[PDB]
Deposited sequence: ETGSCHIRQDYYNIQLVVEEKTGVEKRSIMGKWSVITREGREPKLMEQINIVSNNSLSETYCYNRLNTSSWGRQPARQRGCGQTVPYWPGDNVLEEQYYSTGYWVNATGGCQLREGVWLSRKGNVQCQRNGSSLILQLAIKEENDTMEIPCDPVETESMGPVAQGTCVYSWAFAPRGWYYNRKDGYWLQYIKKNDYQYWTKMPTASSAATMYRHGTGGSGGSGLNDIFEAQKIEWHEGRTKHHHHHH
């Protein structure tokens, strides 16, 4: 994925174990939470590179299958929409965990069976005040609440 070298202003404080998902306070690990100035925190993989004719490190927002973590995200996003996680949701393109980081996930934009998070979809609804648009496959449960209060 997108890679960026560590800058001296980065204050890396959180590492996550790839398979187990254990979070620990540390400055250094294979998967670390990186917050580039202004940007959302992201879990990034340390990768070996050649840069300016020398061996080095960089950090890349690479895909990570979080199934073995055995814990759910607080939000997910895919196909240009970000939604709260509701139990029953499928894995989307990225997952946000409550300690505070996005993970590049292994899913897509199918939120439930036959229900896609699609900006050009046919159903508008909300989850906890957050607006979303769904595309439904051809009864069908709508996994969200009406916009009317």
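Peer 1: Note down, first to last, the deposited-sequence stretches for which the model contains no C-alpha atom.
Peer 2: Coordinates drop out over 1-2, 141-145, 157-247.
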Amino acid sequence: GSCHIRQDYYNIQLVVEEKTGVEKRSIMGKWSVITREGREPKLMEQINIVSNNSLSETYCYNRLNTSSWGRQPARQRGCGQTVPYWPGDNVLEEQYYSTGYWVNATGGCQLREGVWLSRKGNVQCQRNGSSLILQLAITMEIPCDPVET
From here on, numbers count along this sequence of modelled residues.
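Peer 1: Tell me which stretch, 113-121 or 51-59, has the higher mean Cα B-factor listed in the entry.
Peer 2: 51-59 has the higher mean C-alpha B-factor.
Peer 1: Read off the CA B-factors in the entry, average them over 37-45 and over 24-32, and name the higher stretch.
Peer 2: That would be 37-45.
Peer 1: Between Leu134, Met140, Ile12, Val16, which one tops the list for Cα B-factor in this entry?
Peer 2: Largest recorded C-alpha B-factor: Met140.
Peer 1: Sorting the chain's CA B-factors, does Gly107 end up in the lowest, middle or highest third?
Peer 2: For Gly107, whose C-alpha B-factor we compare with every modelled residue in the chain, the answer is the middle third.
Peer 1: Pull the Cα B-factor of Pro84 out of the PDB entry and bin it into the chain's lowest, middle or highest third.
Peer 2: It falls in the bottom third of the chain.
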